[PDB]
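Participant: Contents of my_file_23.cif (mmCIF, C-alpha atoms) are given next:
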```
data_work
loop_
_atom_site.group_PDB
_atom_site.id
_atom_site.type_symbol
_atom_site.label_atom_id
_atom_site.label_comp_id
_atom_site.auth_asym_id
_atom_site.auth_seq_id
_atom_site.Cartn_x
_atom_site.Cartn_y
_atom_site.Cartn_z
ATOM 1 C CA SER A 1 -46.287 -28.623 -18.025
ATOM 2 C CA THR A 2 -43.966 -26.887 -20.534
ATOM 3 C CA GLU A 3 -42.439 -24.010 -18.508
ATOM 4 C CA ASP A 4 -38.977 -24.902 -19.821
ATOM 5 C CA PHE A 5 -39.569 -26.314 -23.344
ATOM 6 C CA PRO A 6 -39.338 -25.355 -26.101
ATOM 7 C CA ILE A 7 -38.315 -21.932 -24.757
ATOM 8 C CA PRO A 8 -36.212 -22.176 -21.548
ATOM 9 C CA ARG A 9 -37.932 -20.654 -18.503
ATOM 10 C CA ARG A 10 -34.879 -18.381 -17.973
ATOM 11 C CA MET A 11 -35.401 -16.830 -21.442
ATOM 12 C CA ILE A 12 -39.123 -16.348 -20.678
ATOM 13 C CA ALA A 13 -38.149 -14.430 -17.533
ATOM 14 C CA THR A 14 -35.041 -12.456 -18.554
ATOM 15 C CA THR A 15 -35.139 -8.653 -18.237
ATOM 16 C CA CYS A 16 -32.063 -8.428 -20.459
ATOM 17 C CA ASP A 17 -32.237 -7.184 -24.028
ATOM 18 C CA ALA A 18 -30.944 -9.123 -27.066
ATOM 19 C CA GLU A 19 -27.510 -7.491 -27.088
ATOM 20 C CA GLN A 20 -26.931 -7.963 -23.353
ATOM 21 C CA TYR A 21 -27.741 -11.659 -23.714
ATOM 22 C CA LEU A 22 -25.576 -12.032 -26.805
ATOM 23 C CA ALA A 23 -22.591 -10.344 -25.128
ATOM 24 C CA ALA A 24 -23.029 -12.596 -22.088
ATOM 25 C CA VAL A 25 -22.897 -15.689 -24.348
ATOM 26 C CA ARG A 26 -19.874 -14.264 -26.231
ATOM 27 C CA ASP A 27 -18.079 -14.217 -22.850
ATOM 28 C CA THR A 28 -19.544 -17.331 -21.120
ATOM 29 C CA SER A 29 -19.948 -19.741 -24.105
ATOM 30 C CA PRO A 30 -17.564 -18.243 -26.732
ATOM 31 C CA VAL A 31 -17.628 -21.221 -29.098
ATOM 32 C CA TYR A 32 -21.438 -21.232 -29.177
ATOM 33 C CA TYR A 33 -21.422 -17.476 -29.850
ATOM 34 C CA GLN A 34 -18.793 -17.786 -32.590
ATOM 35 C CA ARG A 35 -20.585 -20.685 -34.310
ATOM 36 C CA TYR A 36 -23.913 -18.801 -34.238
ATOM 37 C CA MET A 37 -22.235 -15.724 -35.733
ATOM 38 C CA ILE A 38 -20.659 -17.853 -38.466
ATOM 39 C CA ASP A 39 -24.188 -19.162 -39.320
ATOM 40 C CA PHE A 40 -25.589 -15.579 -39.081
ATOM 41 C CA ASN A 41 -22.813 -14.348 -41.411
ATOM 42 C CA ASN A 42 -23.611 -17.185 -43.894
ATOM 43 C CA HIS A 43 -27.246 -15.893 -44.085
ATOM 44 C CA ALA A 44 -26.601 -12.279 -45.077
ATOM 45 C CA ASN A 45 -30.035 -11.715 -46.551
ATOM 46 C CA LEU A 46 -31.808 -12.808 -43.326
ATOM 47 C CA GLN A 47 -29.666 -10.807 -40.871
ATOM 48 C CA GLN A 48 -31.922 -7.797 -40.414
ATOM 49 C CA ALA A 49 -35.045 -9.968 -40.125
ATOM 50 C CA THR A 50 -33.249 -12.030 -37.449
ATOM 51 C CA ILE A 51 -32.164 -8.914 -35.503
ATOM 52 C CA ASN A 52 -35.734 -7.590 -35.780
ATOM 53 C CA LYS A 53 -37.168 -10.861 -34.484
ATOM 54 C CA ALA A 54 -34.725 -10.977 -31.567
ATOM 55 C CA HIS A 55 -35.698 -7.382 -30.699
ATOM 56 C CA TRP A 56 -39.390 -8.247 -30.876
ATOM 57 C CA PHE A 57 -38.958 -11.301 -28.620
ATOM 58 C CA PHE A 58 -37.024 -9.342 -26.033
ATOM 59 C CA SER A 59 -39.672 -6.570 -26.192
ATOM 60 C CA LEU A 60 -42.365 -9.082 -25.188
ATOM 61 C CA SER A 61 -43.642 -9.498 -21.657
ATOM 62 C CA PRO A 62 -43.016 -12.955 -20.136
ATOM 63 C CA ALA A 63 -46.704 -13.794 -20.759
ATOM 64 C CA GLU A 64 -46.323 -12.901 -24.445
ATOM 65 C CA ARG A 65 -43.165 -15.028 -24.622
ATOM 66 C CA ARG A 66 -45.106 -17.920 -23.049
ATOM 67 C CA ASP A 67 -47.738 -17.546 -25.767
ATOM 68 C CA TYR A 68 -45.002 -17.477 -28.427
ATOM 69 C CA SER A 69 -43.494 -20.629 -26.839
ATOM 70 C CA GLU A 70 -46.872 -22.380 -27.028
ATOM 71 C CA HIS A 71 -46.857 -21.643 -30.810
ATOM 72 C CA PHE A 72 -43.114 -21.988 -31.459
ATOM 73 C CA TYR A 73 -43.211 -25.095 -33.678
ATOM 74 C CA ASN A 74 -45.779 -23.622 -36.142
ATOM 75 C CA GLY A 75 -42.935 -21.602 -37.728
ATOM 76 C CA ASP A 76 -42.794 -18.320 -39.679
ATOM 77 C CA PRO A 77 -40.866 -17.624 -42.957
ATOM 78 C CA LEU A 78 -37.571 -17.198 -41.051
ATOM 79 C CA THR A 79 -37.994 -20.632 -39.497
ATOM 80 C CA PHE A 80 -38.129 -22.348 -42.929
ATOM 81 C CA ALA A 81 -35.407 -20.166 -44.555
ATOM 82 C CA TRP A 82 -32.971 -20.521 -41.617
ATOM 83 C CA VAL A 83 -33.981 -23.134 -39.056
ATOM 84 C CA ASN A 84 -31.293 -22.133 -36.533
ATOM 85 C CA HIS A 85 -31.853 -18.330 -36.643
ATOM 86 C CA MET A 86 -32.807 -18.282 -32.916
ATOM 87 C CA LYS A 87 -30.481 -21.138 -31.870
ATOM 88 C CA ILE A 88 -28.335 -19.029 -29.529
ATOM 89 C CA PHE A 89 -31.413 -17.854 -27.576
ATOM 90 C CA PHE A 90 -33.448 -21.057 -27.200
ATOM 91 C CA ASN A 91 -31.609 -24.265 -28.006
ATOM 92 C CA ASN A 92 -29.135 -24.936 -25.199
ATOM 93 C CA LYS A 93 -30.298 -24.727 -21.587
ATOM 94 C CA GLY A 94 -26.744 -24.623 -20.224
ATOM 95 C CA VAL A 95 -25.741 -21.776 -22.551
ATOM 96 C CA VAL A 96 -28.955 -19.933 -21.677
ATOM 97 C CA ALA A 97 -28.396 -20.378 -17.936
ATOM 98 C CA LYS A 98 -24.840 -19.006 -18.022
ATOM 99 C CA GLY A 99 -25.879 -16.066 -20.261
ATOM 100 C CA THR A 100 -29.009 -15.070 -18.325
ATOM 101 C CA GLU A 101 -27.082 -15.310 -15.039
ATOM 102 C CA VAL A 102 -24.820 -12.383 -16.016
ATOM 103 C CA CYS A 103 -26.463 -10.480 -18.902
ATOM 104 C CA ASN A 104 -27.857 -7.723 -16.626
ATOM 105 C CA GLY A 105 -24.210 -6.588 -16.192
ATOM 106 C CA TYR A 106 -23.646 -5.966 -19.958
ATOM 107 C CA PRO A 107 -24.464 -2.773 -21.987
ATOM 108 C CA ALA A 108 -28.000 -2.518 -23.303
ATOM 109 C CA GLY A 109 -28.432 -1.971 -27.038
ATOM 110 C CA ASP A 110 -24.808 -2.719 -28.033
ATOM 111 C CA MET A 111 -25.273 -3.586 -31.719
ATOM 112 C CA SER A 112 -21.556 -4.371 -32.234
ATOM 113 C CA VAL A 113 -22.270 -7.864 -30.823
ATOM 114 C CA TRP A 114 -24.004 -8.685 -34.147
ATOM 115 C CA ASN A 115 -20.825 -7.745 -36.068
ATOM 116 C CA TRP A 116 -18.238 -10.518 -35.773
ATOM 117 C CA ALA A 117 -16.569 -10.718 -39.175
ATOM 118 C CA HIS A 118 -15.497 -14.390 -39.262
#
```
Would you mind giving the structure from this file in structure tokens?
Facilitator:
Amino acid sequence: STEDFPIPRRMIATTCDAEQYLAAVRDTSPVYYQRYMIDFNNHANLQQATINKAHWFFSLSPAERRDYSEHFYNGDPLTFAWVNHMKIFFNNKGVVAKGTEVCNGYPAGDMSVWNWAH
């Protein structure tokens, strides 16, 4: 009864890693990617925590992500310090769909996707 909200079902199921997904969005929804990276850049002190959290999420089994989704609104310190820290992964179903459709074709672990100096 909430397979697709708050966390989109395609993000629950993806076998892609963070950097494959991010690169896919960079190419399929460039404005969304750019605007996220601007917000990321504006939160310098929270960047590593955000990268770490993305890595954790993508390390999780689908069942673990479902659990996380069932507890998403509770919030952790990152959620209060930077509400939109996971916006690129979770917030837009259309962006998610286009990214998860193609992310398996991108290079795993490519950390340069977190470095967009704008």
Participant: Evaluate the PyMOL selection byres ((chain A and resi 25-27) around 10) on the structure here and hand back the selected residues as an MDAnalysis selection string.
Facilitator: chainID A and resid 19:24 28:34 37 88:89 95:100 102:103 113
Participant: I need the residue set behind the PyMOL selection byres ((chain A and resi 78) around 12) for this file; please write it as a tab-separated table (two decimals) with C-alpha atoms, keeping the file's coordinate frame.
Facilitator:
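Saved as selection_14.tsv:
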```
chain	number	residue	atom	x	y	z
A	43	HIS	CA	-27.25	-15.89	-44.08
A	45	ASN	CA	-30.04	-11.72	-46.55
A	46	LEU	CA	-31.81	-12.81	-43.33
A	47	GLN	CA	-29.67	-10.81	-40.87
A	48	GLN	CA	-31.92	-7.80	-40.41
A	49	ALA	CA	-35.04	-9.97	-40.12
A	50	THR	CA	-33.25	-12.03	-37.45
A	51	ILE	CA	-32.16	-8.91	-35.50
A	52	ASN	CA	-35.73	-7.59	-35.78
A	53	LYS	CA	-37.17	-10.86	-34.48
A	54	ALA	CA	-34.72	-10.98	-31.57
A	74	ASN	CA	-45.78	-23.62	-36.14
A	75	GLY	CA	-42.94	-21.60	-37.73
A	76	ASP	CA	-42.79	-18.32	-39.68
A	77	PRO	CA	-40.87	-17.62	-42.96
A	79	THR	CA	-37.99	-20.63	-39.50
A	80	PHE	CA	-38.13	-22.35	-42.93
A	81	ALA	CA	-35.41	-20.17	-44.56
A	82	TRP	CA	-32.97	-20.52	-41.62
A	83	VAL	CA	-33.98	-23.13	-39.06
A	84	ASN	CA	-31.29	-22.13	-36.53
A	85	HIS	CA	-31.85	-18.33	-36.64
A	86	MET	CA	-32.81	-18.28	-32.92
```
Participant: Could you state the separation of atom CA of residue 93 of chain A and atom CA of residue 38 of chain A in Å, given to one decimal place?
Facilitator: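 According to the coordinates, atom CA of residue 93 of chain A and atom CA of residue 38 of chain A are separated by 20.6 Å.
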Participant: What does the PyMOL selection byres ((chain A and resi 68) around 12) select in this file, as a list in words?
Facilitator: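 Taken on the displayed file, the PyMOL selection byres ((chain A and resi 68) around 12) yields the residues residues 5, 6, 7, 11, 12, 53, 56, 57, 58, 60, 61, 62, 63, 64, 65, 66, 67, 69, 70, 71, 72, 73, 74, 75 and 76 of chain A.
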Participant: At what distance in Å, to one decimal, does atom CA of residue 104 of chain A lie from atom CA of residue 14 of chain A?
Facilitator: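 Atom-to-atom, atom CA of residue 14 of chain A and atom CA of residue 104 of chain A are spaced 8.8 Å apart.
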Participant: Can you work out the spacing between atom CA of residue 108 of chain A and atom CA of residue 16 of chain A in Å, to one decimal?
Facilitator: 7.7 Å
Participant: Pick the closest to residue 115 of chain A from A:94, A:3, A:59, A:36: which is it, counting all atoms listed in the file?
Facilitator: A:36
Participant: Of the candidates A:1, A:92, A:35, A:18, which one gets nearest to residue 107 of chain A if we count all atoms listed in the file?
Facilitator: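 The closest residue to residue 107 of chain A is A:18.
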Participant: For segment 61-80 of chain A, I'd like the enclosing box, axis-aligned and padded by 6 Å on every side, reported as lines of an AutoDock Vina configuration file with centre and edge lengths in Å to one decimal.
Facilitator:
```
center_x = -42.7
center_y = -17.3
center_z = -31.5
size_x = 22.2
size_y = 27.6
size_z = 34.8
```
